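Enquirer: Quick check, what structure comes out for this input:
(one chain, ligands or ions: 2)
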Amino acid sequence: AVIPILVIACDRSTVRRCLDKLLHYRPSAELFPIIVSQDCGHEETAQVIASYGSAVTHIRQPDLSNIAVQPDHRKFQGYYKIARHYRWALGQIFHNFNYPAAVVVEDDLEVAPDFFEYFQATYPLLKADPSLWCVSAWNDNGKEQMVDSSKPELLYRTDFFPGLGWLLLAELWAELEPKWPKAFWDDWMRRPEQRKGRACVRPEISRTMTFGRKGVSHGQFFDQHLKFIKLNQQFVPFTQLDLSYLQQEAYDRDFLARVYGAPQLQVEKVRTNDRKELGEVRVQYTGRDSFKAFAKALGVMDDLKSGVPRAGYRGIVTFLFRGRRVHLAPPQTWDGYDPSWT
Ligand SMILES: O=c1ccn([C@@H]2O[C@H](COP(=O)(O)OP(=O)(O)O[C@H]3O[C@H](CO)[C@@H](O)[C@H](O)[C@H]3O)[C@@H](O)[C@H]2O)c(=O)[nH]1
Ligand SMILES: [Mn+2]
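Expert: Numbering: from 1, shown residues only. Ligands and ions are numbered 1, 2, ... in the order given. You can find the structure just below:
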């Protein structure tokens, strides 16, 4: 199947860094056509994209008019424009170009050497397991000291939609387009009304990194969190690996058994690196206050979207802490997310 890479651009000429890496690693022009959809009408950015010639297909969002926002959103016009562009660009990919799937990449993302290999290998999983609705290149807790550099091949399922370099099927666009929101499209997909309990595949080591400090949003989130996610640099031949462990029936039995079979250790002991003979442990949280407390104590992202923690799966957040595998998890009686955990 032909899987286009849809690059979303606007007014940053640094889309050059994004395209340079994509084109450098692309293993096949036929299998991975690059379509750059540009919003905004920024001339310099338009010239940069055009300079790539036939290496890419340059399409332009047609409606550059200002958008009438709701009363609570005067400061958020940019988020409305992003949502409009996504609807148009994805519509072009699935309706005009009629591709079966697409990998969405924002102009300020740099891809890893094995970005294409990763999606080539996981497309079949997504196509075969309806409990999955995406494959993302992003590990929300992917800071260098929180990932195992000796396991660049390790993948997980996550209930938290990461975006930032993600694959979706035309089947999903058919589902989302009729109800596409006016703004904040990513947080909208994180709601249960959209997710419907489905997961995404995400890696131990992120296959994308962001360099867009200046953007639509102010920079605190990027400055304190996003900019620290480490880009994988060790090529993993995913298409040669057995990724059957990611199928829901295998994962929910094996990964959960692993998590709850692991010894529980007090957060303070993990933090101070006590009991090092325990290479893999579980730090149990029982409420919203213990979760945020323990998350912050261990350096994990502590915000929640519709009650789901970053990179969480059945409430479990998995990461590395001072060389130890840690599973920040709820009691095994867990049975659903609570959106009131804010
Ligand atoms: O008028 C605009 C402005 C931006 N963009 C594009 O939107 C994307 C995100 O813009 P950016 O300035 O980088 O903002 P972020 O703060 O990074 O936006 C966050 O929130 C967005 C949804 O509101 C998500 O799409 C992003 O992935 C998420 O990082 C990029 O591909 C831009 O080219 C447009 O299409 N039109
Ligand atoms: Mn950005």
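Enquirer: How about the residues of the stretch 201-342 of the chain by ligand 1?
Expert: 212, 215, 216, 217 (CB under 6 Å from any ligand atom). Every residue, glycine included, has its C-beta placed from N, CA and C.
Enquirer: what comes up buried for stretch 65-84?
Expert: Buried residues in stretch 65-84, defined by neighbour count with 16 or more other CB atoms under 10 Å: 76, 79, 80, 81, 82, 83, 84.
Enquirer: which of those are close to ligand 2?
Expert: The overlap between the buried residues of stretch 65-84 and the neighbours of ligand 2 (CB under 5 Å from the ion) is empty.
Enquirer: Could you identify the most distant pair in the residues you listed?
Expert: 76 and 84 (12.8 Å; CB to CB).
Enquirer: Okay, and which of the buried residues of stretch 65-84 map to helices?
Expert: Residues of the buried residues of stretch 65-84 located in helices (DSSP state H): 79, 80, 81, 82, 83, 84.
Enquirer: Can you tell me how far residue 65 is from ligand 1?
Expert: Residue 65 is 12 Å from ligand 1, where distance means CB to the nearest ligand atom, to the nearest Å.
Enquirer: My read is that residue 319 contacts residue 312, right?
Expert: No. Contact criterion CB atoms under 8 Å: residue 319 and residue 312 do not qualify, at 10.9 Å.
Enquirer: on that earlier part again, neighbour-wise, give me the winner out of the residues of the stretch 201-342 of the chain next to ligand 1.
Expert: residue 212 (21 neighbours; other CB atoms under 10 Å).
Enquirer: any idea what sits nearest that residue, other than its immediate chain neighbours?
Expert: Ranked by CB to CB, 6 or more residues apart in numbering and with sequence neighbours excluded, the top spatial neighbour of residue 212 is residue 108, at 2.7 Å.
Enquirer: how about the one you found, phi and psi?
Expert: Torsion angles at residue 108 (phi, psi; degrees, to the nearest 10) stand at phi -110, psi 30.
Enquirer: Now residue 17: which helix or strand?
Expert: Residue 17 belongs to helix 15-25 when assigned by DSSP states H and E.
Enquirer: now do residue 168
Expert: Going by DSSP H and E, residue 168 is part of strand 166-169.
Enquirer: Restrict the next helix or strand along the chain from that strand to CA atoms and write it as PDB.
Expert: Next along the chain after strand 166-169, taking DSSP H and E as the criterion, comes helix 170-176. Output of helix 170-176 as PDB, limited to C-alpha atoms (Å, rounded to 0.1, in the frame of the first residue of the first chain):
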ATOM      1  CA  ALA A 170      -8.800   6.300   5.700                       C
ATOM      2  CA  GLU A 171     -11.300   4.300   7.700                       C
ATOM      3  CA  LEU A 172     -10.700   6.600  10.700                       C
ATOM      4  CA  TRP A 173     -10.900   9.800   8.700                       C
ATOM      5  CA  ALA A 174     -14.300   8.600   7.500                       C
ATOM      6  CA  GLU A 175     -15.300   8.400  11.100                       C
ATOM      7  CA  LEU A 176     -13.800  11.800  12.300                       C
END
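Enquirer: how does this structure divide into domains?
Expert: Domain ranges of the chain: 1-226, 262-341, per curated CATH domains.
Enquirer: now for those, which one comes closest to residue 254?
Expert: Closest to residue 254 of those is domain 1-226 (CB to CB; 11.3 Å).
Enquirer: give me the residue from the protein nearest ligand 1.
Expert: Proximity of the chain to ligand 1 (CB to the nearest ligand atom) peaks at residue 215, 2.5 Å away.
Enquirer: burial count for residue 28?
Expert: Applying other CB under 10 Å, I find that residue 28 has 10 neighbouring residues.
Enquirer: again, but for residue 270
Expert: For residue 270, using other CB under 10 Å, the count is 22.
Enquirer: tell me the SS of residue 231?
Expert: Classification of residue 231 using DSSP: H, G, I helix; E, B strand; the rest coil returns coil.
Enquirer: Can you list phi and psi of it for me?
Expert: Here is the backbone geometry of residue 231 (degrees, to the nearest 10): phi -80, psi 130.
Enquirer: do residue 178 as well
Expert: With angles defined as degrees, to the nearest 10, residue 178 sits at phi -60, psi -20.
Enquirer: interface residues of the stretch 201-342 of the chain facing ligand 2?
Expert: Proximity of the stretch 201-342 of the chain to ligand 2 (CB under 5 Å from the ion) is limited to residues 212, 215.
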